[PDB]
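Every residue, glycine among them, receives a Cβ derived from its backbone with ideal geometry; neighbour counts consider all protein chains shown. Please treat every number below as a calculation from the coordinates, not as lab data.
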Amino acid sequence: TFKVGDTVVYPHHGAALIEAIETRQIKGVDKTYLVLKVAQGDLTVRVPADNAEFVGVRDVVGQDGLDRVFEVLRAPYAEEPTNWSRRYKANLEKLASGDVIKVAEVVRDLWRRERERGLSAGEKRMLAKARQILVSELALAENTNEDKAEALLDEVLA
DNA sequence: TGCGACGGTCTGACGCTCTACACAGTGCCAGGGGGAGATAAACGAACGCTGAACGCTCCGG
């Protein structure tokens with residue numbers, strides 16, 4: 001399931017690459033510890049393989065991923081409650097859900113409501129964070145990375 | 001009640017000046033009533049314009 005030299009995406013940090021496999025023991029119990037790091041936060045994440053599905057790691061989605069994200073990115077008839085408090089409580093929960101599709105409609109709704117009205121600048125921080133984590137994710141998912149990954153969105157978001 | 005002691009309470013604790021200085025860890029947006037501030041009009045008065053008019057010294061045929 002998990003190998004060395006491949007890339008897997010971690011929640012709240014974007015995609016990352018696996019360095020090697022260690023044999024660290026926690027609470028005196030030996031575990032198959034896997035270590036990986038990201039270049040954004042400059043932090044190393046150590047997660048055992050037994051609870052990898054429990055902690056919520058996902059592998060890189062192949063061709064199936066881009067077509068479904070593009071289709072949802074353009075889905076019309078999207079509605080939200082009039083009160084901003086319910087949407088404010090829902091957006092971070094959907095971000096913490098970790099689904100690529102879910103964060104796709106979240107960022108599409110956020111971008112369209114930011115362009116149509118210009119809400120505020122406080123929400124722009126998490127908007128930019130979501131944009132950064134999605135462009136880091138689609139770096140390996142769509143096989144386009146860095147500036148090329150950012151460029152592809154520039155003409156498909158409208 | 002008389003006793004001590006235990007306790008809180010309270011006060012200052014000589015004097016200026018050469019010198020002398022400043023001060024920090026936890027939300028957010030929409031709707032709505034005032035008032036300053038730009039716009040064009042408007043009430044009122046006087047400020048110009050029309051040369052005209054009152055009246056003198058005037059060079060004058």
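Numbers below:
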| item | result |
| --- | --- |
| Hey, A:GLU79 away from DNA strand B (no atom under 16 Å from the Cβ) and either within 17 Å of A:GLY14 (Cβ to Cβ) or touching a strand residue (DSSP E or B) at 6+ places or on another chain (Cβ under 6 Å) (or both) or not | no |
| Qualifying residue in the stretch A:34-47 (condition: of a type in the set (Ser, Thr, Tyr) and within 27 Å of A:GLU142 (Cβ to Cβ)) | yes |
| Residue selected from the stretch A:127-158 under the condition surrounded by 14 or more Cβ atoms within 10 Å (Cβ to Cβ) and within 16 Å of DNA strand B (Cβ to nearest atom), by the criterion nearest to A:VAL60 (Cα to Cα) | A:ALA130 |
| Residue count, the stretch A:81-104 (criterion: under 22 Å from the mean Cα position of the chain (by Cα) and free of Cβ contacts under 8 Å to residues at least 40 places away in the same chain) | 15 |
| Filter pass, A:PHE2 being over 25 Å from A:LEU110 (Cβ atoms), surrounded by 14 or more Cβ atoms within 10 Å (Cβ to Cβ) and either out of contact with any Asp or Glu (no Cβ under 9 Å at 6 or more places or on another chain) or without any contact (Cβ under 8 Å) to a residue 60 or more places away in the chain (or both) | yes |
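For (1) basic (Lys, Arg); (2) without any contact (Cβ under 8 Å) to a residue 12 or more places away in the chain, each residue gets a yes or a no:
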residue	(1), (2)
A:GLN63	no, yes
A:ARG125	yes, yes
A:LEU134	no, no
A:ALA141	no, no
A:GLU150	no, no
